[PDB]
Amino acid sequence: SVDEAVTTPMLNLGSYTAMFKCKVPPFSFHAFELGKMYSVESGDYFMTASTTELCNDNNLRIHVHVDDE
Amino acid sequence: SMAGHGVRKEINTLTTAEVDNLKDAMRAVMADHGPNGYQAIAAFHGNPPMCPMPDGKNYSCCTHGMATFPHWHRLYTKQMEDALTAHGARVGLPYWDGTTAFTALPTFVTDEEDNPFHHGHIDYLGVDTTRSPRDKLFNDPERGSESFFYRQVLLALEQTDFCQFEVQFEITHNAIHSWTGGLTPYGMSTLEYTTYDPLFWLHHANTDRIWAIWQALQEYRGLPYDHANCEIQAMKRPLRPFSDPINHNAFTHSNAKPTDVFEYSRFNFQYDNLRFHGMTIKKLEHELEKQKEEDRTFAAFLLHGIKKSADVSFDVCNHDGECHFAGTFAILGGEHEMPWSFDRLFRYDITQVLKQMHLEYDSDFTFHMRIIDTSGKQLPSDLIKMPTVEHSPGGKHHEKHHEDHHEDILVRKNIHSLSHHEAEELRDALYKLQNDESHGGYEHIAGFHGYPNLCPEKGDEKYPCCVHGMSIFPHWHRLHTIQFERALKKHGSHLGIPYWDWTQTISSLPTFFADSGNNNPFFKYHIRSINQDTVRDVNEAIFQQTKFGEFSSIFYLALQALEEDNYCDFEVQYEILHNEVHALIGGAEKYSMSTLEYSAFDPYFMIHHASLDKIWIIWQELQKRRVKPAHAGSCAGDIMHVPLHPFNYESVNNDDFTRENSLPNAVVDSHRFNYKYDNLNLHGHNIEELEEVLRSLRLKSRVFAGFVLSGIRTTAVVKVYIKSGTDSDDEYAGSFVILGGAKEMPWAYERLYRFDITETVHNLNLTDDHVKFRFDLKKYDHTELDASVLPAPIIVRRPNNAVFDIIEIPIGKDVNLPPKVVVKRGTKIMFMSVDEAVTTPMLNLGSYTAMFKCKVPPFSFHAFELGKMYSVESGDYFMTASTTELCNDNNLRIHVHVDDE
Amino acid sequence: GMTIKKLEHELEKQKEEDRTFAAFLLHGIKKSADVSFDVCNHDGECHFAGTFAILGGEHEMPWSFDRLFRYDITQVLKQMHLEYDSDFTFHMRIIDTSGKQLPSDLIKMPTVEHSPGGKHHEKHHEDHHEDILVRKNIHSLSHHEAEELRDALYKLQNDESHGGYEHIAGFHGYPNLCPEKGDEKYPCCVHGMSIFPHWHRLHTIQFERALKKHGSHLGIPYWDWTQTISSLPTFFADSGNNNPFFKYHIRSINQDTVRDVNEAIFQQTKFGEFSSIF
Ligand code: CUO
Ligand code: CUO
Ligand code: CUO
């Protein structure tokens with residue numbers, strides 16, 4: 001949550017790589033990633049900025065991916 | 001990768017790659033210690049014994065000598081199959097068609113070295129499996145087809161009744177175990193050991209196949225395939241250990257009950273073909289009936305558990321003492337087997353033997369029976385009761401048959417075939433619904449799709465539940481349509497929602513709507529929530545140039561949908577085709593059918609989606625004929641594994657089917673929803689007939705204009721205009737519509753939108769790869785909007801004969817689009833050298849997404865993409881600008897991706 | 001009484017209907033006994049399924065039936081209102097002649113079987129004929145039902161006679177009639193009086209009776225306005241198609257019946273403490 005200026009939203013698994021380009025939906029908080037939280041499930045994930053503009057402020061695109069050993 | 005089911009095909013048609021995967025997968029399966037291991041699965045069959053009885057006694061789990069027998073084994077085969085798949089097999093156990101004569105055991109099993117199929121180790125025994133085939137195994141044909149396996153199975157097939165069928169079927173099943181295993185202690189001949197041999201699966205796969213063929217025949221007969229009137233009680237009880245929560249496999253666990261077991265499709269595996277021997281199902285039925293014509297004499301046996309496996313042979317003897325070999329049957333068993341006794345007799349066709357004896361039914365002759373154990377020791381005759389002799393005549397008069405149907409089966413009959421009497425139920429049902437404000441009400445049902453937006457759980461954000469543009473787009477709709485229909489039936493409906501085949505030449509709008517007077521409920525509906533009635537601004541949407549191929553207007557698009565292979569590529573064609581109708585009906589109007597947020601309310605809307613749904617069905621199975629089944633998870637499945645909102649959210653129609661079976665994988669099959677269409681035909685063409693028309697398009701090379709459409713957040717139209725060499729004269733290349741609106745959830749077509757420009761381009765005479773680009777103009781329901789986001793058309797040429805290649809020509813410079821996935825492994829790719837200023841380099845697969853950001857190496861031409869070129873290989877690709885700076889000139893990032901159907 | 005030909009016909013008729021049977025496997029139980037069994041639903045409610053007897057004794061030769069003995073359960077299930085698919089239990093008691101009970105071990109559990117055949121149900125049935133009239137709910141209204149109301153009202157509205165709509169409405173509002181040639185006029189409408197509902201109740205029937213004479217199937221539809229009001233009834237709202245329910249032309253003075261609807265909505269809570277009308 002570093003930098004209070006940006007809150008906790010951080011979209012989540014926006015979709016696929018194309019979406020990852022920073023497409024985020026109009027305020028539709030497709031919840032998944034919140035404040036201090038955690039997540040057990042596997043598969044392919046992703047994290048994008050809370051808002052479309054908020055994305056461009058630092059390019060919050062990190063595409064987390066979670067596979068097997 | 002095939003999207004659909006793990007298919008099981010014949011063993012004799014072994015494809016090297018397939019065999020390799022199976023061997024490897026099996027090897028891994030054998031190795032794993034886990035509960036979904038080879039040893040663990042094998043254990044289910046018998047030793048070590050997995051079943052508890054309430055006394056604590058342990059017995060072999062397999063159900064034999066019972067009606068449940070095919071059900072239990074069906075699950076067992078699947079259990080092993082799932083394991084192999086996890087291991088990486090292309091899904092499916094191969095089936096060994098034992099029925100047909102074969103010189104030797106399948107090579108697949110036979111190969112001694114590096115073959116996991118050859119044998120398996122038995123941990124408890126501490127020895128490997130063994131097999132000693134009996135020579136009797138290759139049955140001697142009189143006819144050539146006339147073999148014992150064939151005959152035994154054939155008799156089973158003839159039986160109408162499930163129970164009658166099962167006994168014959170099961171006994172036949174046993175024959176393979178005996179002959180293969182023979183005397184050896186470790187093999188198939190023993191109940192305990194059999195699961196260990198890998199051949200076991202091949203055999204059971206075949207046995208399951210036999211059952212499947214029978215079901216198909218029953219369906220053909222019109223007799224119930226899924227359920228059995230007999231042994232009602234047995235079906236209900238679960239088959240352990242599958243029912244146990246210990247069971248790692250969810251699917252088998254879910255279909256623990258024999259009632260559940262019947263539907264194989266739920267199992268998610270299919271067979272390459274039902275055809276028994278060469279015969280088709282239709283043919284087989286005919287063949288069977290012929291047998292009926294002649295009288296036959298049978299010997300009947302009552303069999304019970306004789307604590308062991310044994311082979312019985314009996315001969316028919318005349319008083320003279322002359323005898324001939326009557327026949328053989330086998331019993332599979334062992335110690336710790338569960339007790340079983342057949343409810344009915346096992347029938348064996350004596351007729352040939354009697355004729356040879358020249359005996360008559362009435363004549364007094366004797367049956368001699370000898371029971372031999374596997375060891376060769378003779379058993380006492382006390383084990384089996386003396387056989388009965390019966391005569392079966394041939395012919396019939398006034399045979400009233402009893403085949404049940406219509407538990408909850410509705411049918412959506414054509415609006416045209418509609419009758420005055422039929423029409424009333426529709427009007428009444430709809431009206432009663434419309435007046436209904438409850439959660440079940442019409443006002444509420446329409447609400448799911450358009451405004452007001454519900455689905456997020458008290459988000460207070462709102463959210464259009466309407467899923468458009470997603471891969472799921474038809475899935476959500478198909479369920480919604482049924483939701484509308486189901487609501488009506490509860491309201492008092494006789495028939496299903498009428499569907500309209502708008503593809504055919506449209507003389508005028510349906511009378512169903514047009515009759516605005518008499519307060520027709522189908523014509524419009526009062527929102528009541530906000531107010532305002534459902535109005536529509538009809539468009540011409542007519543003028544007929546030509547039918548039966550090259551049909552101008554809607555049909556081509558729809559026909560174009562069926563044309564497309566793969567689901568993912570299909571869905572786009574599916575939606576866009578659907579998108580068109582909404583526009584003509586809704587027109588410009590605020591509250592119209594064209595307005596996504598509102599269109600749900602319109603009466604036509606509820607029915608209209610049904611008409612589209614019909615197209616999906618024809619296509620769904622149509623693909624199956626193609627040996628490319630694609631329904632369920634195919635390419636972009638991830639979206640599917642999540643329930644359709646708001647159907648799952650607690651506040652739906654509360655329809656038990658809907659609320660529960662909201663899952664997309666479930667919705668894929670319409671037959672579950674309890675409704676059927678009066679016909680499969682489109683534009684007056686039957687499935688086989690229509691398939692021909694499709695062939696016509698493949699006949700001629702056509703150039704297509706690729707489109708990467710992304711959520712505009714509004715519904716609108718686009719006019720594609722092709723530039724001309726002369727001045728710049730545009731041309732009406734055509735037009736398509738993009739549905740959407742205000743705060744809709746974001747969407748973007750992963751797949752390209754095939755749009756046919758061909759004739760238009762030829763006039764101007766330009767080349768697909770060569771400098772060819774066009775500027776379209778798009779427009780909102782009424783007014784102009786930013787044409788800007790094209791995004792730049794990605795020309796694709798679809799070669800004529802020898803298709804399913806598809807060529808994809810992206811572009812070079814001033815290109816605009818995210819990662820486009822042509823998919824359809826085997827597709828071809830290229831690039832447009834448009835703008836001489838930029839040469840041919842275009843990096844290639846730079847690396848991963850991070851690299852895609854435009855990292856390109858210093859002049860290191862990591863070759864891959866050149867000038868006019870192509871590429872067959874699959875996997876994930878990419879294309880970036882030749883140089884780092886050259887990237888920024890137009891953002892040449894297109895991340896091509898190429899997966900499987 | 002039946003002849004052979006007749007009997008065969010009688011038997012076939014039985015075949016026509018589906019039946020459910022319980023099957024018993026019987027073997028020598030070294031004695032004579034009477035067996036009675038009941039069908040019970042899960043509830044534990046039971047009904048007497050049926051009875052059969054076994055004749056036997058010591059030194060009887062051993063015997064076992066090759067097939068099951070069938071007993072027709074169908075009537076019992078219907079009484080239970082059980083379905084074949086439904087899960088129910090069969091309870092069996094074996095009593096010897098002496099009255100001593102035998103162990104159930106002697107007989108194996110019964111099997112159940114289904115016999116044909118089914119059909120599709122057409123909605124052939126007819127409910128009540130117009131005996132007495134009934135004022136059915138406006139909501140429960142059907143399209144077909146709706147027409148009779150519109151037709152009946154319309155025919156009345158066009159009717160100027162004393163029986164006419166213009167006249168019936170006249171009783172309550174203007175013009176005022178009731179005093180016998182008082183030339184005073186007088187609103188017949190009785191409001192505020194103790195009789196207030198009495199006069200109205202009769203007037204309402206007067207309206208309804210006028211319609212039936214005019215050609216009505218059903219009674220005047222009533223609207224339960226207390227319940228949360230989503231919107232005005234469709235019956236009125238459909239101003240188009242010249243809906244007779246929406247408005248009426250006075251014709252006497254002129255001017256159509258217009259209404260200035262008020263919000264009359266917003267729902268706070270139902271089922272007690274209902275705000276507004278209820
Ligand atoms: O059935 Cu248990 O063995 Cu093939
Ligand atoms: O799909 Cu939601 O509209 Cu036809
Ligand atoms: O008006 Cu006279 O009563 Cu309601």
# chains A, B, ... in the order shown; residues from 1 in each chain; ligands from 1
>>> residues_near_ligand(ligand="ligand 1", cutoff="7 Å", atoms="only C-alpha atoms and all ligand atoms", output="PyMOL selection string")
chain B and resi 45+62-64+73+173-174+177+191+194+200+204
>>> residues_near_ligand(ligand="ligand 3", cutoff="9 Å", atoms="only C-alpha atoms and all ligand atoms", output="PyMOL selection string")
chain C and resi 172-173+188-191+196-197+199-200+203
>>> closest_atom_pairs(of="chain B", to="ligand 2", cutoff="9 Å", atoms="only C-alpha atoms and all ligand atoms", output="JSON lines")
{"residue": "B:449", "atom": "CA", "partner": "ligand 2", "partner_atom_place_in_ligand_line": "2 (Cu)", "distance": 6.0}
{"residue": "B:450", "atom": "CA", "partner": "ligand 2", "partner_atom_place_in_ligand_line": "2 (Cu)", "distance": 7.6}
{"residue": "B:465", "atom": "CA", "partner": "ligand 2", "partner_atom_place_in_ligand_line": "2 (Cu)", "distance": 8.9}
{"residue": "B:466", "atom": "CA", "partner": "ligand 2", "partner_atom_place_in_ligand_line": "2 (Cu)", "distance": 5.3}
{"residue": "B:467", "atom": "CA", "partner": "ligand 2", "partner_atom_place_in_ligand_line": "2 (Cu)", "distance": 6.5}
{"residue": "B:468", "atom": "CA", "partner": "ligand 2", "partner_atom_place_in_ligand_line": "2 (Cu)", "distance": 6.3}
{"residue": "B:473", "atom": "CA", "partner": "ligand 2", "partner_atom_place_in_ligand_line": "1 (O)", "distance": 7.7}
{"residue": "B:474", "atom": "CA", "partner": "ligand 2", "partner_atom_place_in_ligand_line": "1 (O)", "distance": 8.1}
{"residue": "B:476", "atom": "CA", "partner": "ligand 2", "partner_atom_place_in_ligand_line": "2 (Cu)", "distance": 8.4}
{"residue": "B:477", "atom": "CA", "partner": "ligand 2", "partner_atom_place_in_ligand_line": "1 (O)", "distance": 6.3}
{"residue": "B:575", "atom": "CA", "partner": "ligand 2", "partner_atom_place_in_ligand_line": "4 (Cu)", "distance": 7.8}
{"residue": "B:578", "atom": "CA", "partner": "ligand 2", "partner_atom_place_in_ligand_line": "4 (Cu)", "distance": 6.3}
{"residue": "B:579", "atom": "CA", "partner": "ligand 2", "partner_atom_place_in_ligand_line": "4 (Cu)", "distance": 6.5}
{"residue": "B:581", "atom": "CA", "partner": "ligand 2", "partner_atom_place_in_ligand_line": "4 (Cu)", "distance": 8.6}
{"residue": "B:582", "atom": "CA", "partner": "ligand 2", "partner_atom_place_in_ligand_line": "4 (Cu)", "distance": 6.8}
{"residue": "B:593", "atom": "CA", "partner": "ligand 2", "partner_atom_place_in_ligand_line": "3 (O)", "distance": 8.6}
{"residue": "B:594", "atom": "CA", "partner": "ligand 2", "partner_atom_place_in_ligand_line": "3 (O)", "distance": 8.4}
{"residue": "B:595", "atom": "CA", "partner": "ligand 2", "partner_atom_place_in_ligand_line": "3 (O)", "distance": 8.9}
{"residue": "B:596", "atom": "CA", "partner": "ligand 2", "partner_atom_place_in_ligand_line": "3 (O)", "distance": 6.3}
{"residue": "B:597", "atom": "CA", "partner": "ligand 2", "partner_atom_place_in_ligand_line": "2 (Cu)", "distance": 8.6}
{"residue": "B:599", "atom": "CA", "partner": "ligand 2", "partner_atom_place_in_ligand_line": "3 (O)", "distance": 7.0}
{"residue": "B:600", "atom": "CA", "partner": "ligand 2", "partner_atom_place_in_ligand_line": "2 (Cu)", "distance": 7.0}
{"residue": "B:605", "atom": "CA", "partner": "ligand 2", "partner_atom_place_in_ligand_line": "4 (Cu)", "distance": 6.9}
{"residue": "B:606", "atom": "CA", "partner": "ligand 2", "partner_atom_place_in_ligand_line": "4 (Cu)", "distance": 8.7}
{"residue": "B:608", "atom": "CA", "partner": "ligand 2", "partner_atom_place_in_ligand_line": "4 (Cu)", "distance": 7.7}
{"residue": "B:609", "atom": "CA", "partner": "ligand 2", "partner_atom_place_in_ligand_line": "4 (Cu)", "distance": 5.8}
{"residue": "B:612", "atom": "CA", "partner": "ligand 2", "partner_atom_place_in_ligand_line": "4 (Cu)", "distance": 8.6}
{"residue": "B:739", "atom": "CA", "partner": "ligand 2", "partner_atom_place_in_ligand_line": "3 (O)", "distance": 7.6}
{"residue": "B:740", "atom": "CA", "partner": "ligand 2", "partner_atom_place_in_ligand_line": "2 (Cu)", "distance": 8.6}
>>> write_last_selection(atoms="N, CA and C atoms", output="short mmCIF file (atom, residue, chain, number, x, y, z; two decimals), in the first residue's frame")
data_model
loop_
_atom_site.label_atom_id
_atom_site.label_comp_id
_atom_site.auth_asym_id
_atom_site.auth_seq_id
_atom_site.Cartn_x
_atom_site.Cartn_y
_atom_site.Cartn_z
N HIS B 449 -30.53 -8.78 -17.86
CA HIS B 449 -29.72 -8.29 -18.94
C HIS B 449 -29.50 -6.80 -18.94
N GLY B 450 -30.57 -6.02 -19.19
CA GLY B 450 -30.45 -4.59 -19.31
C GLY B 450 -30.65 -3.99 -17.95
N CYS B 465 -25.34 -7.11 -16.09
CA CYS B 465 -25.11 -8.52 -16.01
C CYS B 465 -24.90 -9.04 -17.40
N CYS B 466 -25.40 -8.29 -18.40
CA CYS B 466 -25.33 -8.68 -19.78
C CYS B 466 -23.90 -8.95 -20.15
N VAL B 467 -23.62 -10.18 -20.63
CA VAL B 467 -22.27 -10.52 -20.98
C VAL B 467 -22.14 -10.52 -22.47
N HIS B 468 -21.49 -9.49 -23.03
CA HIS B 468 -21.31 -9.41 -24.45
C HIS B 468 -19.85 -9.22 -24.75
N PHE B 473 -20.28 -15.23 -24.13
CA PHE B 473 -21.40 -14.46 -24.62
C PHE B 473 -22.58 -15.34 -24.94
N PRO B 474 -22.49 -16.40 -25.69
CA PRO B 474 -23.66 -17.21 -25.92
C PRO B 474 -24.11 -18.00 -24.72
N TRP B 476 -24.19 -17.10 -21.48
CA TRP B 476 -25.02 -16.33 -20.60
C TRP B 476 -26.38 -16.16 -21.23
N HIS B 477 -26.42 -15.93 -22.55
CA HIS B 477 -27.66 -15.72 -23.26
C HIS B 477 -28.50 -16.96 -23.28
N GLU B 575 -21.90 -13.85 -32.20
CA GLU B 575 -22.45 -12.65 -31.61
C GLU B 575 -22.75 -11.61 -32.64
N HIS B 578 -25.80 -12.04 -34.43
CA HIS B 578 -26.88 -11.74 -33.52
C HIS B 578 -27.01 -10.26 -33.34
N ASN B 579 -25.88 -9.54 -33.35
CA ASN B 579 -25.87 -8.13 -33.10
C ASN B 579 -26.67 -7.42 -34.15
N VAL B 581 -29.45 -8.17 -35.86
CA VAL B 581 -30.88 -8.14 -35.74
C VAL B 581 -31.30 -7.10 -34.75
N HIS B 582 -30.56 -6.98 -33.63
CA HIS B 582 -30.95 -6.06 -32.61
C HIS B 582 -31.07 -4.68 -33.18
N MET B 593 -34.85 -2.08 -28.78
CA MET B 593 -34.28 -3.40 -28.74
C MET B 593 -32.81 -3.33 -29.04
N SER B 594 -32.39 -2.28 -29.76
CA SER B 594 -31.01 -2.07 -30.10
C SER B 594 -30.23 -1.54 -28.93
N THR B 595 -30.92 -0.98 -27.92
CA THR B 595 -30.23 -0.36 -26.82
C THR B 595 -29.97 -1.42 -25.81
N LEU B 596 -28.69 -1.79 -25.61
CA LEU B 596 -28.35 -2.93 -24.80
C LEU B 596 -28.93 -2.79 -23.43
N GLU B 597 -28.80 -1.61 -22.82
CA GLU B 597 -29.27 -1.48 -21.48
C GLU B 597 -30.75 -1.75 -21.41
N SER B 599 -32.82 -3.28 -24.14
CA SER B 599 -33.30 -4.23 -25.12
C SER B 599 -33.85 -5.46 -24.48
N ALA B 600 -33.46 -5.74 -23.23
CA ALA B 600 -33.88 -6.92 -22.53
C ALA B 600 -35.37 -6.94 -22.34
N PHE B 605 -36.99 -9.59 -27.73
CA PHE B 605 -35.67 -9.88 -27.22
C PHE B 605 -35.68 -11.23 -26.55
N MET B 606 -36.65 -11.47 -25.66
CA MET B 606 -36.67 -12.70 -24.92
C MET B 606 -36.74 -13.86 -25.87
N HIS B 608 -36.07 -13.76 -29.29
CA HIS B 608 -35.10 -13.62 -30.34
C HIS B 608 -33.85 -14.36 -29.99
N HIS B 609 -33.40 -14.27 -28.73
CA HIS B 609 -32.18 -14.93 -28.36
C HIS B 609 -32.36 -16.40 -28.56
N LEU B 612 -31.48 -17.44 -31.99
CA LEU B 612 -30.06 -17.50 -32.18
C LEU B 612 -29.56 -18.77 -31.55
N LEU B 739 -22.72 -4.14 -30.28
CA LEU B 739 -23.60 -3.87 -29.17
C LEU B 739 -22.83 -3.46 -27.96
N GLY B 740 -23.50 -2.71 -27.07
CA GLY B 740 -22.87 -2.27 -25.86
C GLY B 740 -23.62 -1.09 -25.32
#
>>> residues_around(residues="residue 168 of chain C", least_positions_apart="2", cutoff="9 Å", atoms="only C-alpha atoms", output="mmCIF file with C-alpha atoms, in the first residue's frame")
data_model
loop_
_atom_site.group_PDB
_atom_site.id
_atom_site.type_symbol
_atom_site.label_atom_id
_atom_site.label_comp_id
_atom_site.auth_asym_id
_atom_site.auth_seq_id
_atom_site.Cartn_x
_atom_site.Cartn_y
_atom_site.Cartn_z
ATOM 1 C CA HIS C 162 -81.385 3.547 -18.564
ATOM 2 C CA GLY C 163 -79.266 0.401 -18.387
ATOM 3 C CA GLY C 164 -76.415 2.267 -20.098
ATOM 4 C CA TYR C 165 -73.016 3.206 -18.671
ATOM 5 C CA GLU C 166 -73.718 6.889 -18.968
ATOM 6 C CA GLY C 170 -75.074 9.085 -13.196
ATOM 7 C CA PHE C 171 -76.423 7.530 -10.040
ATOM 8 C CA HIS C 172 -73.412 8.513 -7.944
ATOM 9 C CA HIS C 203 -73.854 0.398 -6.901
ATOM 10 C CA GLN C 206 -75.286 -2.459 -10.409
ATOM 11 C CA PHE C 207 -72.273 -1.722 -12.586
ATOM 12 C CA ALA C 210 -75.232 -4.057 -16.201
#
>>> closest_residue(among="A:63, A:36, A:30, A:23", to="residue 11 of chain A", atoms="only C-alpha atoms")
A:30
>>> atom_distance(atom1="atom CA of residue 812 of chain B", atom2="atom CA of residue 888 of chain B")
12.3 Å
>>> atom_distance(atom1="atom CA of residue 633 of chain B", atom2="atom CA of residue 22 of chain B")
21.6 Å
>>> interface_residues(of="chain B", to="chain C", cutoff="6 Å", atoms="only C-alpha atoms", output="JSON, numbers by chain")
{"B": [229, 230, 402, 404, 428, 528]}
>>> write_last_selection(atoms="C-alpha atoms", output="mmCIF file, in the first residue's frame")
data_model
loop_
_atom_site.group_PDB
_atom_site.id
_atom_site.type_symbol
_atom_site.label_atom_id
_atom_site.label_comp_id
_atom_site.auth_asym_id
_atom_site.auth_seq_id
_atom_site.Cartn_x
_atom_site.Cartn_y
_atom_site.Cartn_z
ATOM 1 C CA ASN B 229 -37.693 -49.191 -15.527
ATOM 2 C CA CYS B 230 -36.324 -52.437 -14.171
ATOM 3 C CA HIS B 402 -44.412 -48.647 -24.152
ATOM 4 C CA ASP B 404 -42.161 -43.044 -21.955
ATOM 5 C CA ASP B 428 -51.575 -15.941 -22.178
ATOM 6 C CA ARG B 528 -43.065 -0.056 -15.324
#
>>> closest_residue(among="A:37, A:5, A:16, A:29", to="residue 64 of chain A", atoms="only C-alpha atoms")
A:16
>>> select_by_dssp(residues="segment 60-214 of chain C", states="helix (DSSP H, G or I)", output="PyMOL selection string")
chain C and resi 74-80+104-106+143-158+165-172+196-213
>>> residues_around(residues="residue 155 of chain B", least_positions_apart="5", cutoff="9 Å", atoms="only C-alpha atoms", output="CSV table (one decimal) with N, CA and C atoms, in the first residue's frame")
chain,number,residue,atom,x,y,z
B,150,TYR,N,-19.2,-61.7,-31.6
B,150,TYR,CA,-20.1,-61.0,-32.4
B,150,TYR,C,-21.5,-61.4,-32.1
B,165,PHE,N,-30.7,-56.8,-21.5
B,165,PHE,CA,-29.5,-56.5,-22.2
B,165,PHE,C,-28.3,-56.7,-21.3
B,168,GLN,N,-26.9,-60.4,-20.9
B,168,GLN,CA,-26.2,-60.9,-22.0
B,168,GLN,C,-24.9,-60.2,-22.2
B,169,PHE,N,-24.9,-58.9,-22.0
B,169,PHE,CA,-23.8,-58.1,-22.2
B,169,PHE,C,-22.7,-58.5,-21.2
B,288,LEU,N,-30.5,-56.3,-36.9
B,288,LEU,CA,-31.0,-57.0,-35.7
B,288,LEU,C,-32.4,-57.5,-36.0
B,347,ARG,N,-29.6,-66.3,-21.9
B,347,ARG,CA,-30.0,-67.0,-23.1
B,347,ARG,C,-28.9,-67.2,-24.0
B,348,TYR,N,-28.9,-68.5,-24.6
B,348,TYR,CA,-27.9,-68.8,-25.5
B,348,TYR,C,-28.7,-69.4,-26.7
B,349,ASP,N,-28.3,-69.1,-28.0
B,349,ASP,CA,-29.0,-69.5,-29.1
B,349,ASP,C,-28.5,-70.8,-29.6
>>> atom_distance(atom1="atom CA of residue 60 of chain A", atom2="atom CA of residue 851 of chain B")
15.8 Å
>>> residues_around(residues="residue 59 of chain A", least_positions_apart="5", cutoff="9 Å", atoms="only C-alpha atoms", output="count of residues only")
4
>>> select_by_dssp(residues="segment 23-135 of chain B", states="strand (DSSP E)", output="ChimeraX atom specification")
/B:51-52,58-59,121-122,127-128
>>> residues_around(residues="residue 12 of chain A", least_positions_apart="2", cutoff="10 Å", atoms="only C-alpha atoms", output="PyMOL selection string")
chain A and resi 9-10+14-15+20+24+29-34+45-50+61-64
>>> interface_residues(of="chain A", to="chain B", cutoff="8 Å", atoms="only C-alpha atoms", output="list in words")
residues 17, 18, 19, 21, 23, 24, 25, 26, 27 and 28 of chain A
>>> residues_around(residues="residue 685 of chain B", least_positions_apart="2", cutoff="12 Å", atoms="only C-alpha atoms", output="PyMOL selection string")
chain B and resi 501+503-504+547-549+555+559+618+679-683+687-694
>>> closest_residue(among="B:591, B:251, B:556, B:780", to="residue 526 of chain B", atoms="only C-alpha atoms")
B:591
